[PDB]
Structures are given as structure tokens and as C-alpha cells.
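S.K.:
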Amino acid sequence: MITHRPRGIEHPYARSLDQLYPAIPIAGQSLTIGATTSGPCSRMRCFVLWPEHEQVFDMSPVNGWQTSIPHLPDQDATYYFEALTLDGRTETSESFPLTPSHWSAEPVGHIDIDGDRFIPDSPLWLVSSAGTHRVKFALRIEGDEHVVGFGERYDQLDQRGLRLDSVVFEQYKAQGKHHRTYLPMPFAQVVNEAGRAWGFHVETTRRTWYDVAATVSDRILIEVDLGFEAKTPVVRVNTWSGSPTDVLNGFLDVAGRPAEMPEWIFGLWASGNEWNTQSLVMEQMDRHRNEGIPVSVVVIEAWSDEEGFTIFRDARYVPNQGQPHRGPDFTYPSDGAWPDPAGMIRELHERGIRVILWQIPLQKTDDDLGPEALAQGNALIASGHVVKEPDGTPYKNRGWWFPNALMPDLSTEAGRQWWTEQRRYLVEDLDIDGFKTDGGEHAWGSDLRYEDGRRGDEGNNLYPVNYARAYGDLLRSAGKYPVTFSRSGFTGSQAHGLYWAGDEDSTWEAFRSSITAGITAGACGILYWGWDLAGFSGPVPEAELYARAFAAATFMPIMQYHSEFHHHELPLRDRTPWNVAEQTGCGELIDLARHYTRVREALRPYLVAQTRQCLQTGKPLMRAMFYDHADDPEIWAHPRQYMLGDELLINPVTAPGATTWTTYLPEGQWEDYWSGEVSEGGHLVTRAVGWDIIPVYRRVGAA
Ligand SMILES: OC[C@H]1O[C@H](OC[C@H]2O[C@H](O)[C@H](O)[C@@H](O)[C@@H]2O)[C@H](O)[C@@H](O)[C@@H]1O
Ligand SMILES: [Ca+2]
Ligand SMILES: [Ca+2]
Ligand SMILES: [Ca+2]
């Protein structure tokens with residue numbers, strides 16, 4: 001048969017071979033029409049039925093076929109495809125509607141917005157006979173203003189001069205180079221060089237695009253998807270002005286505010302994907318103890334049966350019909366991977382170490398699965414609590430990671446509870462302390478259905494917010510802090526747990542990119558942020574990178590090392606101080622990890638106290654210079670310097686071969702963290718940088 005889907009697979013940054021490009025066809029511009037066949041074909045044509053004119057296009061093959097209409101007429105039409113199979117059948121497709129759109133400056137909708145930066149007659153509305161699909165409007169920016177926000181960004185702090193968008197996506201590595209993110213938000217601050225700021229927030233969970241004075245040097249062009257249903262269009266844009274802090278506080282009053290968190294999150298977090306037995310985990314924690322490199326949290330990713338992510342690997346149990354297990358349901362073989370998971374967790378607690386288990390918001394449907402995971406899958410579908418296609422059947426994951434997996438519907442209390450009830454015994458009976466809530470970026474499709482009544486145009490970006498929320502609520506209901514550790518999010522994510530910057534190679538550019546990610550994330554109210562120090566993917570980082578990154582990571586909100594799955598191949602890829610020391614032949618890295626973990630522990634009361642202040646003030650912890658020094662033009666030339674709380678100015682060393690490093694100190698008296706040497710502000714200062722030093726300066730208080 002012939003397959004044609006007007007929007008295609010709806011990969012946000014890519015197009016399939018069976019769609020219209022553009023997906024919302026535009027009168028005047030060109031229209032590319034693709035379709036696929038399930039068997040081989042010698043020929044295919046596209047018939048287009050306008051009122052008085054018929055046209056037939058000989059499509060060219062890329091089993092994909094394609095043609096294009098160079099200048100699209102402004103009339104409603106219909107189209108269908110005719111293919112000739114190699115065996116001589118003529119196949120014919122369904123009938124499809126073509127309703128070309130145009131931009132009009134007529135008051136089709138209303139943009140509800142205050143403040144004097146809105147351009148009164150900039151609104152353009154993309155309209156057809158089907159309705160109103162997108163709006164395009166503008167805000168003016170002045171020659172001394174800088175733009176920071178749009179969530180976690182990996183390319184640069186100041187977004188002025190760039191074209192970007194805000195859609196949840198998984199960009200596997202090089203997020204900076206590709207200009208994408210796991211955690212965007214349709215919000216930004218605009219900060220001038222006299223200390224005053226304004227901000228804006230497009231109140232939607234639909235996709236938004238921004239041209240931040242790239243095309244028009246004094247205009248921020250905003251484009252907003254109005255969505256599948258296409260209803261009289263009203264777009265609400267919240268706005269604030271005052272100090273940079275007033276503006277971020279504005280947004281948090283709407284979006285949500287960070288939670289209180291227990292002090293144990295500020296110790297070193299140990300992680301490695303190939304710690305996949307109880308003995309591998311304990312071997313590493315005993316090594317931490319014996320080396321004097323204290324760890325406060327261990328993350329176990331490869332803990333489960335790798336089918337349902339609810340049961341420890343090799344656990345034995347009576348089969349359930351998909352209802353939740355309790356802890357006494359399980360017997361653990363002595364010679365299995367996890368002989369006594371409750372015993373591991375108890376012992377680790379007795380040592381002061383908390384345990385976190387990886388989770389994914391996907392239910393595998395491989396044909397390899399055992400009976401328990403199939404039953405768990407059928408029970409999820411049977412509950413109704415599954416994201417659905419327009420036809421009502423379950424959404425099958427369109428990615429190549431976990432292909433065709435189901436996606437639990439976490440849009441309602443009942444669906445979140447259904448999903449997390451399967452995991453409750455882990456918290457209540459085995460006593461885990463939290464979850465690495467990975468993923469959430471898998472929902473592609475404008476026309477998907479959620480139980481809250483949203484379609485995919487609004488629900489898909491909202492998914493990771495609901496997802497982190499789900500597990501937080503599980504943990505609260507079990508008497509524990511909502512320590513979730515997530516990589517994706519949206520407006521609302523501020524209130525739900527901790528965040529890390531995702532997947533990167535072990536490179537200097539990724540180190541730089543990660544700093545930028547933490548600062549930008551802080552600037553949109555993601556307070557509890559971390560990253561995989563020195564990178565998690567590929568060969569172990571070179572010694573110099575690990576040294577510089579470990580140092581930097583000591584002065585960031587969440588400090589952890591992690592390593593990617595590598596099939597248990599050789600050499601070992603752990604980012605442990607000892608493995609990186611052995612692979613690099615630099616035994617000194619173990620001492621250095623001792624040194625900086627001692628600094629980390631001494632830093633913990635400051636991290637606790639400054640976090641508490643951040644909750645009241647609204648200011649980030651990992652804090653861009655403009656929050657306290659926006660009246661100093663010179664801060665913008667040093668965008669990878671940042672404040673850690675009110676008192677410390679941090680400047681990581683991000684270049685190999687560096688023996689000195691230069692820092693810009695803002696106005697005031699400053700004190701070298703390591704030597705006590707006093708410098709006066711308003712000046713550049715230079716520091717020797719042995720690997721035991723990262724430039725850090727403390728404000729000099731009154732005597
Ligand atoms: O064993 C659990 C799980 O491990 C790997 O995935 C973990 C990986 O997922 C994302 O990429 C995160 O961003 C990383 O930090 C994590 O290490 C395997 O790929 C997966 O198949 C397996 O189920
Ligand atoms: Ca049972
Ligand atoms: Ca005790
Ligand atoms: Ca198979």
C-alpha cells in the first residue's frame with residue numbers, strides 16, 4: 001500500500017519521506033510532497049484536484093517517492109497518489125485535503141501582553157480555511173541589552189544574534205554545536221548595562237521559535253505554534270520589569286519555585302552504568318572509603334531485569350497479572366546479581382550513603398520479553414493510562430532507542446499514581462532515596478491524546494514535567510524528600526527535583542558547554558543542577574581535563590561523575606578517580622580527588638545556607654554575573670565566570686596547557702580562596718593554576 005502522513009513522523013528537527021514539507025503548506029512558497037510504498041514500485045504519480053484545474057506529477061524516487097510544486101496556488105484542493113507495482117498492480121491512496129495558508133496582518137487573534145516593548149502592529153497570523161495555525165509577533169531590544177534564558181542552553185550565555193526554538197528534544201551529545209536542548213522554556217530575561225531588566229514568558233506548552241535580533245538587529249521575533257485544533262486564537266505573554274532578580278521572581282511566581290532539599294544532595298554523587306551487580310557497587314563504595322574520597326549518593330542504573338524496570342535482576346517471584354509487587358514477594362538467589370538488595374541499601378545507609386535508581390517513562394514491547402513484563406505492558410494498556418494516537422490505540426515510541434515502547438500517560442493524578450504504584454515497594458520496603466528519572470522526550474505528534482484533554486501539540490513538551498512530578502509525589506507519599514534526578518523539562522520543572530545536563534563526550538568544548546548550561550539553567554530557576562564531570566561517553570578523559578573538570582564541579586550545585594554503557598568491554602570506562610588514574614598513568618588524580626572532595630565537604634554548610642537564601646530571594650545558586658552586577662558592562666566579556674551563591678566568584682580553567690588564568694573581578698574587595706591574597710575589584714587579575722587550584726574569589730566583608 002501507499003503511505004502518506006502530512007506531518008510525517010514529527011521528529012522536531014527532521015522530516016520523513018512520506019510528508020508535506022512544509023507541514024503547514026504556504027501559498028506562494030514551494031511545497032514538497034513525499035510518499036512511501038510497502039512493496040517495490042516502477043512508477044508513482046500525484047494527482048492534485050483544484051476547482052477548474054487538474055495536475056498530474058511524475059514523482060521521482062529518492091521505497092520513497094517525491095515531487096514538488098515550486099509556487100503553491102492559494103486555493104483549497106485535494107490530492108491522492110497512484111503507484112504502479114513491479115508486478116503490475118495500480119495502487120491508490122486515501123484522499124487528502126490541501127488548504128494552503130497565508131500570513132495576514134488582520135486582527136484574527138489577540139496577543140494579551142503589557143509593557144512598552146511589544147510592537148503594536150507586528151502580529152502576523154498564519155491562516156487557512158482550516159483556521160489559524162501560527163502567530164508571529166515582535167518585541168524591541170535596545171543596543172546595550174543582552175538576552176539570557178530559554179532554559180538550559182549549551183552554546184552561549186547571551187542569546188542575542190541567534191536563531192533558536194523551545195521544543196523538548198533528545199540531542200545525543202554536542203548539544204552546543206546543534207543548538208538544541210533537553211530543557212527549554214519559552215521565557216527570557218533582557219538585561220541592560222545600567223543594571224535594569226525586563227522579561228517575557230509566552231504562556232504555552234506548544235512549540236515556540238525565537239529570532240533574537242539575528243535578522244532585524246533591534247527586534248526579537250517570536251513565533252508561536254497555535255496547534256492542531258486551530260478555535261479563536263489568544264496568546265498570553267507575561268511580562269515583568271525591575272532588577273534582574275525581580276524579573277526571574279516574576280517568572281517563578283508563574284512557573285513554580287524550587288523545593289527544599291536535604292543536605293545530603295551536596296556531597297559527591299558516584300555513578301557508573303557498568304556497576305550492574307551488588308558486588309560491583311559495593312566494591313566501588315569500599316574503594317571510596319579506603320581512599321578517603323567520601324561519597325554521599327550512589328546511583329545504580331543497571332539494577333533491574335532490563336525488561337520492566339520494576340524488579341532487581343535475577344529476583345525470583347510468583348508471577349503477577351501486572352499489579353504492583355511488595356518487597357516480601359521476592360527471593361534473591363545467592364549466586365545472582367543482587368543477592369540482598371535490601372541489605373545493600375541498609376548497609377549503605379549505615380555508612381551515610383543514599384541510593385538512587387534509574388527510571389525511564391517507557392514500557393518495552395520487544396517480542397523477547399518474559400511473561401511479567403508483557404503482563405505489565407498489557408495492564409498499562411488496559412488501565413487506559415497510556416499516551417494514545419489520534420485513533421485511540423496506544424502511542425508506540427517513534428525513536429530507535431526502545432523502539433515501539435508504550436508511553437505511560439502521566440497527565441492526570443490517576444495515571445501518575447498507576448505508573449508509580451508499580452515502584453512503591455522500592456521506596457517503602459527496600460528504602461531507596463530517589464530516582465534518576467531519565468528520558469521524557471519521546472512523545473512526537475501534534476495529534477496525540479492525553480487524559481487531561483490536551484493533544485500532543487501541548488502535552489509532549491509538558492511530559493517531562495509531569496514525569497518528574499509523578500516520582501516526586503511517590504517519594505513524598507512514602508515519607509521522603511522528592512529527590513528526582515532528570516535531564517529533560519519545561520516551564521514547571523523548577524518545582525520538581527534535581528537536574529543534570531545530559532550526555533556528552535569527554536572534551537574541552539563539552540566542559541565549556543556544560544558551564545554555559547548550568548548558568549543558563551540557573552537563570553530560568555533550575556537551581557539544583559549538575560553534569561557528568563569531564564564527560565561520560567568515549568574513552569576516559571585525559572588527566573588534565575578530569576583535573577580541571579573535577580575542580581570546577583566542586584563549585585557547582587550538584588557534583589557527580591558518571592560513565593556510559595560500554596558492553597563491559599575493555600578497557601574499563603568508569604569515571605572513578607582510580608580508573609582515570611590507571612588509564613591515564615597519572616596516579617596524582619587520586620590525591621587531587623581527595624583534595625577537592627575535602628573542599629567539597631568544607632563547602633557543604635555554605636551550600637546549605639546559600640540554597641536556603643536562594644529559595645527566599647529567587648536568585649540562582651549557580652549564578653550569572655548580571656544578577657548582582659548588571660551595572661558593569663565588562664561582565665559580558667567573561668560569560669563562563671559565575672557566582673556560587675552571594676559570596677564566591679568561580680572561574681573554571683577550560684583550556685589545556687594553562688599555567689595562569691585571568692579573572693574579571695566586579696566592584697568591591699575580593700579575597701583569593703586558597704591564599705587569602707586581597708585584590709581590588711573593577712580590574713582583571715591573574716592567578717597561577719597548578720591542578721590543585723581553580724580560581725575562586727570571596728567577597729571581603731566588614732571587620
Ligand atoms: O541499564 C539501564 C539502561 O542503561 C543504559 O541507559 C542509561 C543512560 O541513559 C541515558 O542516555 C542517560 O542520559 C545516561 O546518563 C544513562 O547512562 C542503556 O543504554 C539502556 O539500554 C539500559 O536500559
Ligand atoms: Ca503476588
Ligand atoms: Ca544507625
Ligand atoms: Ca525479534
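Under the authors' numbering, residues 1 to 62, 91 to 258, 260 to 732 are what the sequence shown spells out, in order. Each residue gets a CB set at the ideal place from its N, CA and C atoms; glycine is no exception.
#1: Among all residues, which have a Cβ less than 6 Å from at least one non-hydrogen atom of ligand 2, and in what chain order do they fall?
#2: Count the other CB atoms within 10 Å of the CB of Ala411; is the residue buried (16 or more) or exposed (fewer)?
#3: Buried or exposed for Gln645, please, with buried defined as at least 16 other CB atoms from any protein chain shown within 10 angstroms of its CB.
#4: With a cut-off of 8 Å on the beta carbons, I'd call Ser325 and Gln589 a contact; round off their distance for me.
#5: Could you tell me how far apart the beta carbons of residue 740 and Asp18 are, in whole angstroms, since I believe they sit closer than 8 Å?
#6: Can you tell me the Cα-Cα spacing of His471 and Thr691, whole angstroms?
#7: Leaving out five residues before and five after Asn490 in sequence, what residues of the same chain have Cβ atoms less than 6 Å from its Cβ?
#8: How big is the Cα-Cα spacing for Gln103 and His138?
#9: Quick one: residues in its chain with C-beta nearer than 8 Å to the C-beta of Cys643, no 5 flanking neighbours on either side, listed in chain order?
#10: Among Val310, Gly551, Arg342 and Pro662, whose alpha-carbon lies nearest the alpha-carbon of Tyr182?
#11: Can you round the beta-carbon distance between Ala530 and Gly547 to whole angstroms, since I take them to be within the 8 Å contact cut?
#12: Is any heavy atom in ligand 5 found nearer than 6 Å to the beta carbon of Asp396?
#13: Hey, quick one: how far does the alpha helix (DSSP H) through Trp448 stretch, first residue to last?
#14: Along the chain, where does the alpha helix (DSSP H) containing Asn489 start, and where does it finish?
#15: With DSSP run on the structure shown, which of helix, strand or coil describes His130?
#16: Is the beta carbon of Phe197 within less than 6 Å of some heavy atom of ligand 1?
#17: Determine, using beta-carbon pairs with one atom in the region 586-602 and one in the region 652-668, whether at least three such pairs fall under 8 Å.
#18: Closest by CA to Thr261, which one among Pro681, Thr160, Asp620 and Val569?
#19: Rounded C-beta distance between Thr466 and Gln388? I'm assuming under 8 Å.
#20: Can you have a look at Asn267 and say buried or exposed, based on whether 16 or more other CB atoms are within 10 angstroms of its CB?
#21: Give me the residue from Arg669, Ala610, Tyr500 and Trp665 with the minimum Cα distance to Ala222.
#22: Between the alpha carbons of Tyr635 and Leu435, how many angstroms are there, rounded?
#23: Excluding the five sequence neighbours on either side, which residues of its own chain have a C-beta within less than 6 Å of the C-beta of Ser38, listed in chain order?
#24: Would you say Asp532 and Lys201 are within 7 Å of each other, going by their C-beta atoms?
#25: For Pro22 and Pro368, I'd like the C-alpha separation in whole angstroms.
#26: Pairing CB atoms from the region 436-456 with CB atoms from the region 404-422, are three or more of them under 8 Å?
#27: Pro390 and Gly485: beta carbons closer than 7 Å?
#28: Could you check whether the Cβ of residue 259 sits closer than 6 Å to any heavy atom belonging to ligand 1?
#29: How big is the Cα-Cα spacing for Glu231 and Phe215?
#30: How many angstroms separate the CA atom of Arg162 from the CA atom of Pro724?
#31: Would you kindly report the start and end of the unbroken alpha helix (DSSP H) that includes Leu636?
#32: Thinking just about the alpha-carbon of each residue, which of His4, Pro148, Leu254 and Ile385 is nearest to the one in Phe124?
#33: Kindly indicate which residue of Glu538, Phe431 and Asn680 has the alpha-carbon position closest to the one of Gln184.
#34: Is any non-hydrogen atom of ligand 1 found closer than 6 Å to the C-beta of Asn302, if you look at the structure I gave you?
#35: Going straight from the alpha carbon of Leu677 to that of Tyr726, what length do you get?
#36: Once DSSP output is grouped into helix, strand and coil, what is the label at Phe57?
M.R.: Working from what's here:
#1: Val347, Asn349 and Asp358
#2: Taking the sequence shown and counting its residues from 1, the one referred to as residue 411 is at position 382. It is exposed - the Cβ of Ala411 has fewer than 16 other Cβ atoms within 10 Å.
#3: Taking the sequence shown and counting its residues from 1, one reaches residue 645 at position 616. Classification of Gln645: exposed, given that the 10 Å Cβ count is below 16.
#4: Indexing the sequence shown from 1 puts residue 325 at position 296. Indexing the sequence shown from 1 puts residue 589 at position 560. Not confirmed; about 10 Å, so no contact.
#5: Lying before the first or after the last residue shown, residue 740 is absent from the chain, which here runs from 1 to 732.
#6: The sequence position of residue 471 within the sequence shown is 442, counting from 1. The sequence position of residue 691 within the sequence shown is 662, counting from 1. Cα to Cα, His471 sits roughly 43 Å from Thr691.
#7: In the sequence shown, counting from the first residue as 1, residue 490 sits at position 461. Excluding residues within five positions, the ones whose Cβ falls inside 6 Å are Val196, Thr233 and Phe519.
#8: Stepping through the sequence shown from its first residue, residue 103 is reached at position 75. Stepping through the sequence shown from its first residue, residue 138 is reached at position 110. Approximately 26 Å, taken between the alpha carbons.
#9: Numbered from its first residue, the sequence shown carries residue 643 at position 614. Once the five neighbours on either side are set aside, the close Cβ partners of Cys643 are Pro287, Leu556, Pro649, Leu650 and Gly674.
#10: Mapped onto the sequence shown, residue 182 falls at position 154. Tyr182 has its Cα closest to that of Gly551, out of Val310, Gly551, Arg342 and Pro662.
#11: Working through the sequence shown from its first residue, we reach residue 530 at position 501. Working through the sequence shown from its first residue, we reach residue 547 at position 518. So it is a contact: roughly 7 Å between Cβ atoms.
#12: The model depicted lacks ligand 5 and carries ligand 1, ligand 2, ligand 3 and ligand 4 instead.
#13: As a position in the sequence shown, residue 448 is number 419, starting the count at 1. Counting along the chain, the alpha helix (DSSP H) containing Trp448 begins and ends at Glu442 to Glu450.
#14: Indexing the sequence shown from 1 puts residue 489 at position 460. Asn489 -> alpha helix (DSSP H) spans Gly485 to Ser506.
#15: For the purposes of this step, residue 130 is taken as the residue at position 102 of the sequence shown. It is a strand residue.
#16: Numbered from its first residue, the sequence shown carries residue 197 at position 169. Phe197 Cβ: outside cutoff for every heavy atom of ligand 1.
#17: The region 586-602 vs the region 652-668: no contact.
#18: For the purposes of this step, residue 261 is taken as the residue at position 232 of the sequence shown. Nearest option by C-alpha distance: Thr160.
#19: Mapped onto the sequence shown, residue 466 falls at position 437. Mapped onto the sequence shown, residue 388 falls at position 359. The Cβ separation is near 5 Å, so the contact holds.
#20: Counting from 1 along the sequence shown, the entry for residue 267 is found at position 238. Answer is buried; the Cβ neighbour count reaches 16.
#21: Sequence index remark: in the sequence shown, residue 222 carries index 194 (1-based). Of the listed residues, the one whose Cα sits closest to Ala222 is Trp665.
#22: The residue labelled residue 635 in the question sits at position 606 within the sequence shown. The residue labelled residue 435 in the question sits at position 406 within the sequence shown. Computed Cα separation, rounded: 44 Å.
#23: For this step, residue 38 is matched to residue 38 along the sequence shown. Here the set comprises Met1.
#24: Here the question's residue 532 lines up with position 503 in the sequence shown. Here the question's residue 201 lines up with position 173 in the sequence shown. Result yes, Cβ atoms of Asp532 and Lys201 sit closer than 7 Å.
#25: Along the sequence shown, one-based indexing puts residue 22 at 22. Along the sequence shown, one-based indexing puts residue 368 at 339. Roughly 56 Å separates the two Cα atoms.
#26: yes
#27: As a working mapping, residue 390 is identified with position 361 in the sequence shown. As a working mapping, residue 485 is identified with position 456 in the sequence shown. No, Cβ-Cβ distance for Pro390 and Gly485 is not below 7 Å.
#28: Gap note for the chain: numbering proceeds from 258 to 260 with nothing in between, so residue 259 has no coordinates.
#29: Taking the sequence shown and counting its residues from 1, the one referred to as residue 231 is at position 203. Taking the sequence shown and counting its residues from 1, the one referred to as residue 215 is at position 187. Rounded to the nearest angstrom, the two C-alpha atoms are 9 Å apart.
#30: Here residue 162 is taken as the residue at index 134 of the sequence shown, counted from 1. Here residue 724 is taken as the residue at index 695 of the sequence shown, counted from 1. Their Cα atoms are separated by approximately 48 Å.
#31: For the purposes of this step, residue 636 is taken as the residue at position 607 of the sequence shown. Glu617 to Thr646 is the span of the alpha helix (DSSP H), which, as asked, contains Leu636.
#32: Numbered from 1 along the sequence shown, position 96 holds the residue referred to as residue 124. Out of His4, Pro148, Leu254 and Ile385, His4 has the C-alpha closest to the C-alpha of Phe124.
#33: In the sequence shown, counting from the first residue as 1, residue 184 sits at position 156. Measuring from the Cα of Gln184, the nearest candidate turns out to be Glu538.
#34: Working through the sequence shown from its first residue, we reach residue 302 at position 273. Yes, the beta carbon of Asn302 sits closer than 6 Å to at least one heavy atom of ligand 1.
#35: By 1-based counting over the sequence shown, the position of residue 677 is 648. By 1-based counting over the sequence shown, the position of residue 726 is 697. In this structure, the straight-line span from the alpha carbon of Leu677 to that of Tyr726 is close to 6 Å.
#36: Residue mapping note: residue 57 aligns to position 57 of the sequence shown, counting from 1. In this structure, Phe57 counts as strand in the three-state DSSP scheme.
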